[PDB]
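K.L.:
one piece of my complex first, more on the way:
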Amino acid sequence: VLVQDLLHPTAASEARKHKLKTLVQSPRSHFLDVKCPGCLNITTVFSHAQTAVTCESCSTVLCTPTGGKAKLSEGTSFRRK
Amino acid sequence: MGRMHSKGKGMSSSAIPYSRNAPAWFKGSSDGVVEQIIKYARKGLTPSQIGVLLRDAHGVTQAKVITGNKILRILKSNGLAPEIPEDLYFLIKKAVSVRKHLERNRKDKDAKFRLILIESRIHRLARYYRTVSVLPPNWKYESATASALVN
Amino acid sequence: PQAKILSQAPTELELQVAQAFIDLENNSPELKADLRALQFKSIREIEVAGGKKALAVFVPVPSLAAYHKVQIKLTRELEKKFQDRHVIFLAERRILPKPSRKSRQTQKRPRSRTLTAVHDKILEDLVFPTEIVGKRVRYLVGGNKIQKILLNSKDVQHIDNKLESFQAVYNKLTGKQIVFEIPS
Amino acid sequence: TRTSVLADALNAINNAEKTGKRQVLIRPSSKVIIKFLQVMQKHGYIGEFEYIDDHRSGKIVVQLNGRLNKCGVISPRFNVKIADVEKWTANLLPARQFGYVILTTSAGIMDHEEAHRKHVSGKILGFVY
Amino acid sequence: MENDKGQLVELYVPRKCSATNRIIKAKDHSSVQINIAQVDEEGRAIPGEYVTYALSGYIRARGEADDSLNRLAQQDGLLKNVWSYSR
């Protein structure tokens, strides 16, 4: 503790700490490419989305607002961006 | 962690990513993003809702990253900036709502104190927007002006 | 078409680079249709240690957009044609001194024309294929400064050995030494 | 609110020295902090510090070696005439043989001895010894 | 410390903590001085030849004595990777 690296702390400790508290502050969020069983369009959505995101082709919601991050619509298949 | 008008000490916020430039995975066009912003504004949406719509339904991380200008700046360049700034307008709406609740029931003193707090915040924000000359120097806040601006 | 792609007084070495650009223009389906609208601002040569050399082409800057879209291909083909000379697609930006109070008012100097901003842009465009993900600055005990740049581990394969030459170019541009490091 | 950033930097240095550490993490990292730590490096009271770009005020990581014993800002940057330098050194520094009143002159941020060598004086920043 | 002609006038130029570089007081009755014996090729502790580390009473009271000794022994090639410079 008396001698310790702050310029290069362990990446495990990086994921340990809070956002806004890293060496350089970086968001923990990410984007997703979701496909709805309806059509073949790939929709880009946010992990912590705040709106009932729907595909422009069909009036089917793909996410759902939540106190934290998005909860999907039980049938959409996603890939992390 | 200041909480200007209360004793709160929270720091819940958002950390802007280090890289200013566009994300590698984004394939959209800056001109198309500007057109989308213009259309959303013409629908009658404030810049914050425009940003939230671009972040949720599309891959726009933030307008300044993609276009190079800010949302309100983009609207102003096209002459769609509202005559009252969005935060001040929302404060006006909240104040008129609490005043309505007050005049519909007198005995509630806590909402009276909250209206005092909201009016103080309105005065501070109006002073700021007045020294920057966004609002005319004669702009001020009294009763029945908040309703006129809101309605 | 040698003279058109350089908006500067001719120099024997840069004519060869222009001819190489025409030879690049010979290939139709991907090296044409964008490359016609090209210019130059007096490409210059920077000596690298060990006998190596770094040519630095200087974009007028309005063409940077196109240059940036084209860069990777043109770089590898030019390295095929130009041996031992690493080619770097640098911008040219007007650095303005600050108004001394005893100097006279001209105009509000935009911050993009300033030394640190211009140097940041130059170092960011010293390499397209990789992106700067971190910037550290260490001041040695003896009184000299080093600007470590942390580059993405992804897309590191493009710059396999140009790093050192990059250093030299920045040094030759600034005198501010620089050390490249790639985080794990 | 953060009024004097250099005060926060020097307080962090003092706290992380008294506890026996060898490093500090100063958050706001202005020009004045960089110049202050550079002077301390020049005079040996500090080790090998570091600027960490965040695109937002940056930060600084300071390496110590236990040689320092106290930093400290004179928070009201008093206009110090060239006659009043000696009074400040007497009131702040523990001995005449060492210690340095770091003060900002028109010729930059400098230790009091260097300022007296240039025969120039300005406002006072802090003191190190 | 130094007389103008050039002779020392100080008495007992004091020791310093090997982990925090702070001097050791004359009456610092918490500080210790560890001796680690040098080891030859066949594991025979060579007598009268060792390496000394002066740990201050402050770090011992705080609780960083063993960690500091770990680091200090690792630096001078006594223990293999017992201490990591990045926590």
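P.N.:
Happy to help now that I have it. Numbers count the residues shown, from 1 in each chain, chains lettered A, B, ... in the order given.
K.L.:
Okay, buried residues for the helix or strand where residue B:55 lies please.
P.N.:
Using DSSP states H and E, the element containing residue B:55 is helix B:47-56. Of the residues in helix B:47-56, those buried by neighbour count under the rule 16 or more other CB atoms under 10 Å in any protein chain shown are B:47, B:49, B:50, B:51, B:52, B:53, B:54, B:55, B:56. In short, each C-beta sits where N, CA and C put it, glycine included.
K.L.:
wait, doesn't the third one sit right on residue B:40?
P.N.:
What it means is residue B:50. Yes. With contact taken as CB atoms under 8 Å, residue B:50 and residue B:40 are classed as touching, separated by 4.6 Å.
K.L.:
Quick one: neighbours of residue D:114, just the number.
P.N.:
By the measure other CB atoms under 10 Å in any protein chain shown, the count of residues near residue D:114 is 19.
K.L.:
and it, what are its phi and psi?
P.N.:
Here is the backbone geometry of residue D:114 (degrees, to the nearest 10): phi -60, psi -40.
K.L.:
what does residue C:113 give?
P.N.:
Listed backbone geometry of residue C:113 is phi -90, psi 10, with angles given as degrees, to the nearest 10.
K.L.:
Show the contacting residues for the closest residue to it other than its chain neighbours.
P.N.:
Closest residue to residue C:113 in three dimensions, ignoring its sequence neighbours and counting by CB to CB, 6 or more residues apart in numbering or on different chains: residue C:96, at 4.8 Å. Applying CB atoms under 8 Å, 6 or more residues apart in numbering or on different chains to residue C:96 gives the contacts C:109, C:113, C:114.
K.L.:
Could you do residue D:111 as well?
P.N.:
Applying CB under 8 Å, 6+ apart to residue D:111 gives the contacts D:39, D:42, D:43, D:100, D:101, D:102, D:103.
K.L.:
Chain neighbours aside, what residue packs nearest to residue C:173?
P.N.:
Once its chain neighbours are removed from consideration, residue C:173 has its nearest residue in residue C:122; the separation is 6.6 Å (CB to CB, 6+ apart).
K.L.:
rewinding a little: any idea how far the residue nearest to residue C:113 is from residue B:5?
P.N.:
Per CB to CB, to the nearest Å, residue C:96 is found 44 Å from residue B:5.
K.L.:
is chain D contacted by the longest helix along chain B?
P.N.:
As far as residue count goes, and with DSSP state H defining each element, the longest helix of chain B is helix B:110-131. No. Where contact is defined by CB under 8 Å from any CB of the partner chain, no part of helix B:110-131 touches chain D; the two come within 15.2 Å at best.
K.L.:
Which other helices and strands does that helix contact?
P.N.:
Helices and strands touching helix B:110-131, as assessed by 3 or more CB pairs under 8 Å, 6 or more residues apart in numbering or on different chains; DSSP states H and E, comprise helix B:86-104.
K.L.:
Helices of the chain, start to end?
P.N.:
Reading this off chain A. Remark: helices assigned in chain A by DSSP H are A:11-16.
K.L.:
oops, chain D please
P.N.:
D:5-18, D:31-43, D:85-92, D:112-118.
K.L.:
build in RNA strand F:
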RNA sequence: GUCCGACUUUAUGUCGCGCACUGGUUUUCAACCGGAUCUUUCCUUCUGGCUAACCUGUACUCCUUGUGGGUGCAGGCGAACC
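P.N.:
RNA strand F now in position relative to the chains above:
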């Protein structure tokens, strides 16, 4: 170089304080301050003075064939100054 303290009515040869005054101070040194210069690096710039000064080249070379050195007139250096 200059030289003075131990050698006492004197000094040098001598014992050097490692030079009591004055220089080479590019002996590397090391600073401690400046000044000018190159950066896409300006320090208010011109408009006439005055052209101070030689990027002037007109008549030319005083003198070793040597750009050391000049008598000198239209361009033309203005911070050397009005």
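K.L.:
so how many other residues sit close to residue 12?
P.N.:
All of this refers to chain A. The burial count assigned to residue A:12 is 7, neighbours taken as other CB under 10 Å.
K.L.:
Wait, chain E was what I had in mind.
P.N.:
Under the criterion other CB under 10 Å, the count of neighbours that residue E:12 has is 6.
K.L.:
Checking it next. Helix, strand or coil?
P.N.:
Remark: residue E:12 carries the secondary structure label coil [criterion: DSSP: H, G, I helix; E, B strand; the rest coil].
K.L.:
if we can go back for a sec, who does the helix holding residue B:55 touch, helix- and strand-wise?
P.N.:
Taking 3+ CB pairs under 8 Å, 6+ apart as contact, the helices and strands that helix B:47-56 lies on are strand A:42-46, helix B:30-42, helix B:71-77.
K.L.:
Can you add mean neighbour count and distance to residue B:147 and give the ones you listed back as a markdown table?
P.N.:
Shown next, in a markdown table, are the helices and strands packed on helix B:47-56 (neighbours: other CB atoms under 10 Å in any protein chain shown; distance: least, CB to CB, whole Å):
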| stretch | mean neighbour count | distance to residue B:147 |
| --- | --- | --- |
| strand A:42-46 | 20 | 37 |
| helix B:30-42 | 16 | 25 |
| helix B:71-77 | 18 | 25 |
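K.L.:
any idea how far chain C is from the most centrally placed residue in chain D?
P.N.:
Taking CA atoms, centre = their mean, the centroid of chain D lies closest to residue D:36, which sits 4.0 Å from it. When CB to the nearest CB, to the nearest Å is the yardstick, residue D:36 and chain C sit 12 Å from each other.
K.L.:
In contact with the closest residue in space to residue C:9 that isn't next to it in sequence, which residues?
P.N.:
By the measure of CB to CB, 6+ apart, the closest residue to residue C:9 outside its immediate chain neighbours is residue C:42, 7.9 Å from it. With CB under 8 Å, 6+ apart as the criterion, the residues that contact residue C:42 are C:8, C:9, C:11, C:14, C:58.
K.L.:
Doesn't residue C:90 lie inside a strand?
P.N.:
Yes. Checked against three-state DSSP, residue C:90 lies within a strand.
K.L.:
and it, bridged to which residues?
P.N.:
For residue C:90, the beta-bridge assignment (DSSP bridges) gives partners residue C:58.
K.L.:
doesn't residue C:58 make contact with it?
P.N.:
Yes. If you go by CB under 8 Å, residue C:90 and residue C:58 touch, sitting 5.8 Å apart.
K.L.:
which one of those two has more residues nearby?
P.N.:
Neighbour tally, residue C:90 and residue C:58, criterion other CB under 10 Å: the higher count belongs to residue C:90, 20 against 17.
K.L.:
contacting residues for residue A:27?
P.N.:
Neighbour list for residue A:27: A:19, B:14, B:15, B:16, B:17 [criterion: CB under 8 Å, 6+ apart].
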